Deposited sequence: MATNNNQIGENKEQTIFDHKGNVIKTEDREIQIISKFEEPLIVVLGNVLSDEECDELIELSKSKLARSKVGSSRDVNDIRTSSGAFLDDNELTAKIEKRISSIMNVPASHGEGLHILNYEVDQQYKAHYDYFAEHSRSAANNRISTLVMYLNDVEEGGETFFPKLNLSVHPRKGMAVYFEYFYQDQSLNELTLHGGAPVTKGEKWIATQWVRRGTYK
């Protein structure tokens, strides 16, 4: 029952210790952390072939679109659940987005306004997975924090917005900067507070 040590900080959903996240089928690398709100750059999230397969599944179906469930998407969602420390049933599913040149995603929040039907089971965290390499542009940027993550195939950026202090959630404003050369493919997993699917 010792004295208080350091300042009191809100607990996060992502609570992994160390430099690696050992999932059932892959060891994910913790690359960098912005402490609060928690933004984590992750390495070795998806294999090259998994990235290819997700893009292919996306093209055959066609803003973006969710993939239909199959053995690959369930495998990937299971791995993602280990990273995000929330059961896969809380995720909305693998949503695939393709940016052509000059396309972008203007800054926004991923959680829903309190006064909306969707906020009854609100989003609490996001994982953005880079499915290809982007010749130029396409950074994921957080303008209130002056932090950017640059696309790199197989890597991902994790961030959460489940804080009691709503100003911390409001620091998670983020966008996809315009692609200026090449194209950008991402998969996004948005995680809800409760079971979604």
Write out the missing regions of the deposited sequence in sequence order, one range per stretch.
1-3, 66-82
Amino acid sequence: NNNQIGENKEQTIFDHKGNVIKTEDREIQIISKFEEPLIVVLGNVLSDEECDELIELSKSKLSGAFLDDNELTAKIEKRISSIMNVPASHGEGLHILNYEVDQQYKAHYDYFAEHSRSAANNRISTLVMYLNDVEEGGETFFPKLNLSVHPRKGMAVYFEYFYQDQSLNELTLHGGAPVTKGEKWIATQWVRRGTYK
From here on, numbers count along this sequence of modelled residues.
Of 180-188 vs 6-14, the stretch with the larger average CA B-factor in the entry is 6-14
If you average the Cα B factors in the entry, which is higher, 64-72 or 146-154?
64-72
Top Cα B-factor in this entry, restricted to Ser89, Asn122, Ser82, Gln104, sits on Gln104
So if I compare the CA B-factors in the entry for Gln166, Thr140, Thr172, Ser32, which one is the largest?
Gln166
Sorting the chain's modelled residues by C-alpha B-factor and splitting them into thirds places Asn132 in the middle
State the tercile, meaning the lowest, middle or highest third, of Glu56 with respect to the CA B-factors recorded for its chain.
highest
What third of its chain, lowest, middle or highest, does the C-alpha temperature factor of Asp48 fall into?
middle
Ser118: which third of its chain by C-alpha temperature factor?
highest
